[PDB]
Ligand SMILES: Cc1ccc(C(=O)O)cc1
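We begin with a single chain expressed as structure tokens, specifically the form deposited without this ligand.
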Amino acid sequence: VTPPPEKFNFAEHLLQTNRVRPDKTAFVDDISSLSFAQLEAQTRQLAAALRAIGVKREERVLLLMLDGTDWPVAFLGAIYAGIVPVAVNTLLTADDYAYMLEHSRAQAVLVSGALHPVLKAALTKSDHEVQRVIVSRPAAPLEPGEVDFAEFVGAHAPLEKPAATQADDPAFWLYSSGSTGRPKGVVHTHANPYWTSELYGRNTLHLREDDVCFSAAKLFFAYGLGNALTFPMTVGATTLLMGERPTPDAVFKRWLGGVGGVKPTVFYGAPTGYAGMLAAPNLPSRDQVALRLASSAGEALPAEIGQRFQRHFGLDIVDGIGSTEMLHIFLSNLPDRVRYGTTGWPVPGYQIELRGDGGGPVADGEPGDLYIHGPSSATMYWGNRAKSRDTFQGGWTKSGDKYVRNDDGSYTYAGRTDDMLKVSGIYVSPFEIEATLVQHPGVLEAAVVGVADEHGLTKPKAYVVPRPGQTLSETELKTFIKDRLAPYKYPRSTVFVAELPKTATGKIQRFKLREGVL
């Protein structure tokens, strides 16, 4: 793969790629579609609009939007202007967004109507610098000074040229949380999504122009941003976008061509989703779908789910691993070489090392900490030099995973270095779940660990010491956590215990809870 030039604006790159196919559909959702020409026009009109309201090159804007055709307009339009969109998870709290507004010093916000109430609370509470709120598909009346996204875009002529950025200039941020502390601003450059899209999208997956891409993973996830924006636009594929929560039924409707007159050929999702669909009584038959490639990430794929999928559809599930910091997948099975029980082989262009307790070598078959050297690495966590030092170790990026290398050169997952769980395809901190449980007045103590379910997928499990003299039922606790945690964070079970295993300092011995001592 040829490196991108030094003068490179990633948005311009994707637009120029598709000037050969102006009338092909670029994006379609439940209510709208954009051809590549339409996407270009709206992108460049947005870029002008953000400049007209005073947002300058290198300044941030918050992009808080459901998957839909306005999403790539927002993302690429900022980047075309040389403005840095901060693309964020749509299921967070107003407090999370308040922190992000302050930390990013976002100058404007692009927000879905459905997300305007949480955003409004974030604005009200924070010491932000937001000059304008631009609302895509408003669900309530606009407040004074707010603007409808379609009017904002429509009222401005297209920007005539892109910002003259460098390949290594920041292009956009994603946020990533660790087991404690605030979300970290992962800073990606213009070059980074070129590299993922070429090394993985084109050269590993072999995506092509006649593909229709559909990702259960939303656009704000690094995984989904590649799958459903950077990858398809690199090759000229059409992409289907869905605003709603993925369920088996929602995914099947789309697989069957229920939206936009298109049937996906490439699907992407998490192993939990694949398990859910395979359990669904109305799982479509092979002859009803146009799938040629199924990608998986977000948690280790249990071999049985891949094997069952292949028995049913005649398609393997291609499981790979990436990180937010590396932008996309660097270690993967291949469409024509799958070894279930493994994450496959290093992606050409990326070097992988396993390091032991001193940074030393680990013998094949022994677990080490995974480090990656490749050209799509983020540069830093913005404003966090200490965590930057820990993760970005001189050309090598630490992922937080442990792995074993097998005799065939494949790699098998061996857990985390940082207490995080990967549940339903998403990172969740046990300490967050514990923090929520102990605020119930009936709970004295709580410890949360990962447990494999009947399909071998990790789900949280809570061990709770009740407070003497209160009452506390499992169902009381279910109701308490309902609206305090996202549903993927719900413990799959709660065990009430009289005490937890601890050191003499009171540190919970979590390892004993995984080993079944209770």
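Only the largest set of C-alpha atoms that superpose within 1.5 Å between the two forms is called the rigid core. The first residue of the shown sequence is 1; numbering continues from there.
K.L.:
Out of 424 to 432 and 287 to 295, which one drifts farther from the shown form in 5 other deposited structures of this protein in terms of CA positions, with the fit done on the rigid core?
P.N.:
The more displaced stretch in 5 other deposited structures of this protein turns out to be 424 to 432.
K.L.:
Of the stretches 480 to 488 and 66 to 74, which sits farther from where it is here in 5 other deposited structures of this protein, on average over its Cα atoms, after fitting the core?
P.N.:
Between 480 to 488 and 66 to 74, greater C-alpha deviation in 5 other deposited structures of this protein belongs to 480 to 488.
K.L.:
Quick one: say whether 434 to 442 or 73 to 81 has the higher mean Cα B-factor in the deposited entry.
P.N.:
So the stretch with the higher mean C-alpha B-factor is 434 to 442.
K.L.:
Averaging C-alpha B-factors over each stretch, which comes out higher, 50 to 58 or 477 to 485?
P.N.:
Going by the record's values, the stretch with the higher mean is 477 to 485.
K.L.:
Between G185, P271, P346, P361, let me know which has the highest C-alpha B-factor in the entry?
P.N.:
Among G185, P271, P346, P361, the highest C-alpha B-factor in the entry belongs to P361.
K.L.:
Per the PDB entry, which option out of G224, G113, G154, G322 has the greatest Cα B factor?
P.N.:
Among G224, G113, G154, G322, the PDB entry lists the largest C-alpha B-factor for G154.
K.L.:
When the deposited Cα B-factors of this chain's modelled residues are ordered and cut into thirds, is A41 in the lowest, the middle or the highest one?
P.N.:
CA B-factor rank for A41: middle third.
K.L.:
Once the chain's modelled residues are ordered by C-alpha B factor and cut into thirds, is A87 in the lowest, middle or highest one?
P.N.:
Ranked within chain, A87 CA B lands in the lowest tercile.
K.L.:
Among the chain's modelled residues, which third holds the C-alpha B-factor of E299?
P.N.:
Middle third - that is where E299 ends up once the chain's C-alpha B-factors are sorted.
K.L.:
Looking at the C-alpha B-factor of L500, is it in the lowest, middle or highest third of its chain?
P.N.:
For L500, whose C-alpha B-factor we compare with every modelled residue in the chain, the answer is the middle third.
K.L.:
State the tercile, meaning the lowest, middle or highest third, of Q509 with respect to the CA B-factors recorded for its chain.
P.N.:
Its C-alpha B-factor belongs to the highest third of this chain's values.
This protein has a second form, the form deposited with this ligand bound, left out of what is shown; the following refers to that one.
K.L.:
Is this ligand close enough to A47, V61 and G82 in the deposited complex that each of the three has a heavy atom within 4.5 Å of it?
P.N.:
Heavy-atom distance to this ligand in the deposited complex: none of the three under 4.5 Å.
K.L.:
Please tell me which of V88, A237, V443, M277 lies within 4.5 Å of this ligand in the deposited complex, judged by heavy atoms.
P.N.:
None of the others qualify; the residue that does is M277.
K.L.:
With this ligand left out of view, which of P430, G273, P170, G374 would have a heavy atom within 4.5 Å of it in the deposited complex?
P.N.:
If I apply the 4.5 Å criterion carefully, the residue I get is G273.
K.L.:
Taking this ligand as it sits in the deposited complex, is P264 near enough to touch it, meaning that at least one heavy atom pair lies within 4.5 angstroms?
P.N.:
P264 lies outside the contact set for this ligand.
K.L.:
Should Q131 be counted as a contact of this ligand in the deposited complex, where contact means heavy atoms within 4.5 Å?
P.N.:
Heavy-atom contact with this ligand at 4.5 Å: absent for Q131.
K.L.:
Heavy atom to heavy atom, is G269 within 4.5 Å of this ligand in the deposited complex?
P.N.:
Although this ligand is absent here, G269 would touch it in the deposited complex, with heavy atoms inside 4.5 Å.
K.L.:
Given that the partner is absent here, does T247 sit within 4.5 Å of this ligand in the deposited complex, heavy atoms only?
P.N.:
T247: yes, in contact with this ligand in the deposited complex.
K.L.:
When this ligand is placed as it is in the deposited complex, which of 239 to 247, 97 to 105, 353 to 361, 151 to 159 ends up with heavy atoms within 4.5 Å of it?
P.N.:
Of the options, only 239 to 247 has residues within 4.5 Å of the partner.
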